[PDB]
Amino acid sequence: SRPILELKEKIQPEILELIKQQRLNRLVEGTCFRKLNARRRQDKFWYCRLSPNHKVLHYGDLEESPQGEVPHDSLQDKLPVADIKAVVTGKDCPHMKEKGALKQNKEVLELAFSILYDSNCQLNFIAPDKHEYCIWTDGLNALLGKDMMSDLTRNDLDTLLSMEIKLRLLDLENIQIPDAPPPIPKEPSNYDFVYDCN
Amino acid sequence: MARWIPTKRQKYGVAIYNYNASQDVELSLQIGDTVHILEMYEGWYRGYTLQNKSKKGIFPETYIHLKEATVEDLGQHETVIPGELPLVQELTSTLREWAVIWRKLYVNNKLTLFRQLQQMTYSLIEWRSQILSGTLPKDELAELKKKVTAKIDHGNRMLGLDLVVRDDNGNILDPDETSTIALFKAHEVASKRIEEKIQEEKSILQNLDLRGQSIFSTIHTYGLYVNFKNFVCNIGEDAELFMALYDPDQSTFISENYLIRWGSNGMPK
Amino acid sequence: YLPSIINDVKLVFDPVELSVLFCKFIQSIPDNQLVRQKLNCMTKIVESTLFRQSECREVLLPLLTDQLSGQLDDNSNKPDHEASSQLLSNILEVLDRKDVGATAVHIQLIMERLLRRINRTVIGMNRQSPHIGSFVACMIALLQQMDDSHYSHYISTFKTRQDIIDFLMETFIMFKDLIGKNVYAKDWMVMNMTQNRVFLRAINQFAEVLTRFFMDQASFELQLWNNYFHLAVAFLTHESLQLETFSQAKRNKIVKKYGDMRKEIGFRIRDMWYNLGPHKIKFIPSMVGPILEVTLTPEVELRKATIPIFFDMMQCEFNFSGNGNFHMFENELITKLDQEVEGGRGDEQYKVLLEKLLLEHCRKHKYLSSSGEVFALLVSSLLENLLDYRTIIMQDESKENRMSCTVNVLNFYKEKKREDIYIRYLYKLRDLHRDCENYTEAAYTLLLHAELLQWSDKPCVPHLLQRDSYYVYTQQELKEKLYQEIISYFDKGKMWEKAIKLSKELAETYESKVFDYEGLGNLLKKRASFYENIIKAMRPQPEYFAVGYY
């Protein structure tokens with residue numbers, strides 16, 4: 001499977017942009033994320049819609065909506081996509097560092113993400129579970145246009161590439177690919193095709 | 001390059017690996033890029049591709065795996081068995097459409113039915129590969145044909161895709177404008193299988209006995225497999241174990257008694 | 001069980017003697033005895049022993065026809081519909097066999113004995129839930145197996161021309177009733193094309209019978225071309241590029257298996273229209289629209305073929321233009337062109353080719369074609385306007401841009417003074433603002449509509465007689481209704497100054513013409529209420545911002 005793998009991993013990017021496109025679709029459809037220590041009657045759930053323009057972030061303290069995203073003006077429909085320094089994960093979240101009233105327990109260690117903007121304002125938010133935590137980190141990193149930090153993302157990458165190459169190998173049944181590519185038969189220096197072009 | 005020739009014994013324009021960009025009309029041709037070569041050179045081949053049947057590409061013979069066979073598997077008698085190889089080509093095209101809709105699936109929140117489409121896709125591809133060989137006995141040929149036809153038509157039906165007919169031999173003889181009423185009832189049998197499967201997702205996926213009753217309504221003889229492991233008793237003498245089926249309601253036995261000799265040492269004689 | 005023996009007993013007997021014995025046995029059933037069961041009997045009968053027919057079919061069927069024609073229309077057809085359909089199917093299949101023996105003559109006998117029959121049936125047998133699909137399948141199988149010579153044999157050679165006229169009219173209307181309101185799940189794709197092709201064949205044959213017995217040959221009774229062309233268009237109005245586009249092979253599969261059948265329909269209608277000749281003008285204003293949408297097919301060629309027909313009909317009017325010109329033509333032209341284009345149908349290349357062709361034709365022709373040149377110039381402007389409209393609609397989908405572009409097209413129409421479509425788009429905006437509660441803006445637009453009217457009683461134009469309710473509506477009364485609505489708006493529009501303004505001339509009209517003193521009372525009640533509102537309540541000041549686009 002040597003040239004097989006060479007070809008498979010070598011034709012990477014199409015699946016990559018496909019997965020990233022799906023991630024943007026996911027951020028756009030979004031959901032109600034989670035706040036910090038929203039216990040004494042606080043809307044822990046609150047929708048965070050990425051624009052179909054993928055530039056504004058329709059997020060803010062929306063109600064305990066079980067339906068999730070509701071298309072309207074959130075509290076702050078804008079998070080500047082360009083200036084986001086990064087998102088801190090786990091202990092790097094200063095809200096995870098908080099040990100007072102907003103002390104997040106160790107059971108949300110992987111749900112802690114703070115989106116960096118204004119260099120003094122943070123988005124200390126919580127995911128409902130790890131997989132979509134990684135999903136939204138992947139989505140913002142697609143906004144960052146970089147690698148993806150979801151385990152599920154590599155899962156989908158490898159599996160879909162596997163099926164694609166697996167369906168690719170249909171025309172080449174009962175054939176071997178020499179690991180050294182077959183020698184290109186010499187092209188005669190004349191391009192005066194005896195039979196016409198097209 | 002010169003001396004190109006028109007021919008139709010190259011329909012399987014076959015790559016080897018992702019081709020070099022050596023020609024101005026060639027790219028890293030996919031492994032599954034069956035291309036319609038129009039013009040034939042000895043060591044080279046240029047013509048249409050499945051990727052773009054309106055465009056040429058000069059492909060090496062050392063890269064072209066020549067297959068004189070064409071879309072018809074019997075004119076050159078390429079059939080490992082006649083009337084079947086069609087089936088693989090249209091199911092492969094069907095697989096292309098499953099790939100397209102697969103793209104349509106992940107990008108949407110159909111991931112449950114999408115995942116079940118994944119698993120039937122994998123069953124389809126493994127059946128495809130196993131029937132690539134002609135080693136099967138003809139009964140199993142028919143069995144695989146019908147089961148995969150049901151699966152692919154199921155794939156069509158939750159995807160609302162159009163219907164096919166001619167259950168046997170490539171699903172194509174009927175759409176060859178042979179009759180009308182036989183065509184009508186072919187469509188009717190198709191709809192009948194449609195209703196069968198649409199009523200049976202709720203019958204099997206959720207329930208575990210309707211499938212059993214439907215299976216038991218098709219055959220009339222059965223057998224119970226008993227795999228004895230060890231006898232737990234304290235006799236110390238030879239024991240002759242008469243085990244069989246009994247009808248307590250009728251106070252009678254139902255199967256002949258299977259005599260088992262159990263030894264005096266606790267382990268069967 | 002009597003059929004259960006026919007095979008082997010024949011294998012040891014004379015064919016025809018046994019055959020006639022069974023026939024005489026069957027006819028000896030009185031008309032009310034086990035009709036379904038006799039149908040099953042004879043169905044098993046025609047099943048076997050009909051593999052040979054030369055000695056039997058010509059004598060076996062006669063009885064079968066007799067009993068089926070009794071099954072045609074006796075108001076006792078309700079139980080035997082399914083079984084008769086079954087028998088019809090089986091016998092037609094047996095006919096469809098080729099090894100079975102020659103049956104062409106027998107085929108025409110089958111028409112001559114069952115065809116008007118099944119036509120009557122399917123016309124009356126006309127509810128979708130029952131097995132009407134089976135009847136349809138049978139009759140299309142028929143038309144498939146038939147022959148043009150057979151169609152022309154007697155179906156073209158009936159009794160008096162009125163009978164054949166009425167029969168063909170019924171045939172056309174039920175064709176329309178099938179094509180329109182299709183009888184399948186749209187999943188039975190294959191039979192859908194087969195049905196399309198067989199209907200193609202049939203409508204072809206009826207086109208030639210119309211030509212041969214119904215051109216200026218029948219110099220009169222030329223009305224039914226209405227029905228013919230309407231059905232032709234409706235049939236032509238489906239199974240197109242995108243519908244052929246779903247799978248990639250879908251185009252290819254259909255083209256190989258069926259080609260471009262709509263191409264055939266287009267050419268057929270083109271030559272037919274050309275054949276109309278002198279009666280074209282006698283027929284234009286109805287058919288005007290019917291040709292545009294089919295011109296608007298997403299294809300290229302039959303389009304190429306169809307645009308010149310516009311020049312053909314304007315030329316025909318030019319022949320009639322001894323009085324005026326194709327005003328009446330171009331009006332419906334523009335109107336329908338609007339409805340279809342705003343429906344989201346055409347394309348740019350379309351309008352390009354339209355202008356090119358029409359100008360090319362008008363070069364061949366005279367002054368009236370120079371006028372037609374300026375008219376089609378206007379037309380092309382309209383087309384690009386609407387195309388821009390729809391591209392922006394699909395580009396932004398924010399109601400504001402929709403409002404902008406529709407305002408643009410209102411301005412264009414006001415320029416073009418085709419006041420009807422003008423009003424139409426006005427009401428579009430009225431709906432829009434109602435959605436946005438721009439009671440002020442909505443009332444303004446509604447007023448612009450009302451602005452056109454006069455306090456004259458006479459409804460001088462049914463153009464303004466809209467689709468909200470279409471009857472007499474004496475003009476001043478329509479004005480009155482509009483004014484009431486506009487007042488209601490302004491009142492909830494929190495802007496009573498215009499309310500009072502309008503109320504003044506409303507009350508004037510009352511006292512001067514209708515004397516509707518109760519209406520005076522209500523109106524002045526409202527005016528006083530609004531004056532109170534003004535003096536009493538306070539309303540917010542709206543900020544005004546400037547936007548500089550760059």
# chains A, B, ... in the order shown; residues from 1 in each chain; ligands from 1

call {"tool": "residues_around", "arguments": {"residues": "residue B:244", "least_positions_apart": "3", "cutoff": "12 Å", "atoms": "only C-alpha atoms", "output": "list in words"}}
result
residues 224, 225, 226, 241, 247, 252, 253, 254, 255, 256, 257, 258, 259 and 260 of chain B

call {"tool": "residues_around", "arguments": {"residues": "residue B:63", "least_positions_apart": "6", "cutoff": "10 Å", "atoms": "only C-alpha atoms", "output": "PyMOL selection string"}}
result
(chain A and resi 177+181-185) or (chain B and resi 13-19+43-45)

call {"tool": "write_last_selection", "arguments": {"atoms": "N, CA and C atoms", "output": "JSON list (two decimals), in the first residue's frame"}}
result
[["chain", "number", "residue", "atom", "x", "y", "z"],
["A", 177, "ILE", "N", 0.53, -1.00, -8.38],
["A", 177, "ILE", "CA", 1.21, 0.27, -8.57],
["A", 177, "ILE", "C", 2.67, 0.05, -8.16],
["A", 181, "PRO", "N", 7.33, 4.97, -9.45],
["A", 181, "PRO", "CA", 6.31, 5.17, -10.47],
["A", 181, "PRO", "C", 6.77, 4.64, -11.82],
["A", 182, "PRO", "N", 5.85, 4.13, -12.64],
["A", 182, "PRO", "CA", 6.24, 3.54, -13.92],
["A", 182, "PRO", "C", 7.01, 4.54, -14.75],
["A", 183, "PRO", "N", 8.04, 4.09, -15.46],
["A", 183, "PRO", "CA", 8.84, 5.02, -16.27],
["A", 183, "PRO", "C", 7.98, 5.65, -17.35],
["A", 184, "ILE", "N", 8.06, 6.97, -17.44],
["A", 184, "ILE", "CA", 7.32, 7.70, -18.47],
["A", 184, "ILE", "C", 7.93, 7.34, -19.82],
["A", 185, "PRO", "N", 7.17, 6.73, -20.73],
["A", 185, "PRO", "CA", 7.72, 6.44, -22.06],
["A", 185, "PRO", "C", 8.10, 7.74, -22.75],
["B", 13, "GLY", "N", -10.24, 3.63, -19.60],
["B", 13, "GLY", "CA", -9.01, 4.37, -19.49],
["B", 13, "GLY", "C", -8.61, 4.32, -18.03],
["B", 14, "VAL", "N", -7.58, 3.54, -17.73],
["B", 14, "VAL", "CA", -7.21, 3.20, -16.37],
["B", 14, "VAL", "C", -5.92, 3.92, -16.02],
["B", 15, "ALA", "N", -5.90, 4.56, -14.86],
["B", 15, "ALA", "CA", -4.68, 5.16, -14.35],
["B", 15, "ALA", "C", -3.84, 4.08, -13.69],
["B", 16, "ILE", "N", -2.76, 4.48, -13.03],
["B", 16, "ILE", "CA", -2.06, 3.64, -12.06],
["B", 16, "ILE", "C", -1.96, 4.33, -10.71],
["B", 17, "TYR", "N", -1.36, 5.52, -10.68],
["B", 17, "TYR", "CA", -1.39, 6.36, -9.50],
["B", 17, "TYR", "C", -1.78, 7.75, -9.97],
["B", 18, "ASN", "N", -1.82, 8.71, -9.04],
["B", 18, "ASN", "CA", -2.18, 10.08, -9.41],
["B", 18, "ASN", "C", -1.17, 10.61, -10.42],
["B", 19, "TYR", "N", -1.63, 10.82, -11.65],
["B", 19, "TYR", "CA", -0.74, 11.02, -12.78],
["B", 19, "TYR", "C", 0.06, 12.30, -12.64],
["B", 43, "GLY", "N", 2.42, 4.17, -26.82],
["B", 43, "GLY", "CA", 2.74, 4.39, -25.42],
["B", 43, "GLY", "C", 1.93, 5.46, -24.75],
["B", 44, "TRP", "N", 0.98, 6.07, -25.45],
["B", 44, "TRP", "CA", 0.23, 7.19, -24.90],
["B", 44, "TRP", "C", -1.23, 7.09, -25.32],
["B", 45, "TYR", "N", -2.09, 7.79, -24.58],
["B", 45, "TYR", "CA", -3.53, 7.70, -24.80],
["B", 45, "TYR", "C", -4.18, 8.99, -24.35]]

call {"tool": "select_by_dssp", "arguments": {"residues": "stretch 35-192 of chain A", "states": "strand (DSSP E)", "output": "count of residues only"}}
result
17

call {"tool": "closest_atom_pairs", "arguments": {"of": "chain B", "to": "chain A", "cutoff": "10 Å", "atoms": "only C-alpha atoms", "output": "CSV"}}
result
residue,atom,partner,partner_atom,distance
B:1,CA,A:191,CA,4.9
B:2,CA,A:193,CA,3.6
B:3,CA,A:194,CA,4.5
B:4,CA,A:195,CA,4.8
B:5,CA,A:195,CA,6.9
B:6,CA,A:195,CA,9.2
B:12,CA,A:171,CA,7.7
B:13,CA,A:171,CA,8.6
B:14,CA,A:171,CA,6.2
B:15,CA,A:172,CA,7.2
B:16,CA,A:177,CA,5.9
B:17,CA,A:177,CA,6.7
B:18,CA,A:7,CA,6.4
B:19,CA,A:181,CA,9.4
B:20,CA,A:184,CA,9.4
B:22,CA,A:184,CA,9.4
B:28,CA,A:11,CA,9.1
B:30,CA,A:168,CA,6.6
B:31,CA,A:168,CA,4.8
B:32,CA,A:168,CA,4.2
B:33,CA,A:171,CA,6.7
B:34,CA,A:171,CA,6.3
B:35,CA,A:171,CA,9.9
B:38,CA,A:198,CA,9.1
B:39,CA,A:195,CA,8.1
B:40,CA,A:195,CA,9.5
B:41,CA,A:195,CA,9.8
B:42,CA,A:185,CA,9.9
B:43,CA,A:185,CA,6.4
B:44,CA,A:185,CA,8.0
B:46,CA,A:198,CA,9.2
B:47,CA,A:198,CA,8.4
B:48,CA,A:198,CA,9.9
B:54,CA,A:198,CA,9.5
B:55,CA,A:198,CA,7.9
B:56,CA,A:198,CA,6.9
B:57,CA,A:198,CA,9.8
B:59,CA,A:184,CA,9.6
B:60,CA,A:184,CA,6.7
B:61,CA,A:185,CA,7.9
B:62,CA,A:182,CA,6.1
B:63,CA,A:182,CA,6.8
B:65,CA,A:172,CA,8.0
B:92,CA,A:170,CA,8.3
B:95,CA,A:167,CA,8.2
B:96,CA,A:167,CA,8.4
B:99,CA,A:164,CA,8.3
B:102,CA,A:160,CA,9.7
B:103,CA,A:18,CA,8.4
B:106,CA,A:22,CA,7.2
B:107,CA,A:22,CA,5.0
B:108,CA,A:22,CA,8.0
B:109,CA,A:26,CA,9.2
B:118,CA,A:163,CA,9.8
B:121,CA,A:163,CA,9.7
B:122,CA,A:163,CA,8.9
B:125,CA,A:167,CA,8.6
B:129,CA,A:170,CA,9.5
B:132,CA,A:173,CA,9.5

call {"tool": "closest_residue", "arguments": {"among": "C:252, C:129, C:227, C:209", "to": "chain B", "atoms": "only C-alpha atoms"}}
result
C:252

call {"tool": "interface_residues", "arguments": {"of": "chain C", "to": "chain B", "cutoff": "7 Å", "atoms": "only C-alpha atoms", "output": "JSON, numbers by chain"}}
result
{"C": [89, 93, 137, 138, 141, 187, 188, 189, 190]}

call {"tool": "residues_around", "arguments": {"residues": "residue A:57", "least_positions_apart": "2", "cutoff": "7 Å", "atoms": "only C-alpha atoms", "output": "list in words"}}
result
residues 48, 49, 50, 51, 55, 59, 77, 78 and 79 of chain A

call {"tool": "write_last_selection", "arguments": {"atoms": "C-alpha atoms", "output": "tab-separated table (two decimals), in the first residue's frame"}}
result
chain	number	residue	atom	x	y	z
A	48	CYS	CA	-24.15	31.86	19.93
A	49	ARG	CA	-24.84	32.13	16.19
A	50	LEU	CA	-22.08	32.70	13.69
A	51	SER	CA	-23.27	34.77	10.77
A	55	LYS	CA	-17.89	37.63	10.62
A	59	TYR	CA	-23.98	35.65	21.25
A	77	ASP	CA	-24.13	40.07	17.90
A	78	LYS	CA	-20.48	40.94	17.22
A	79	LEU	CA	-17.31	39.24	18.29
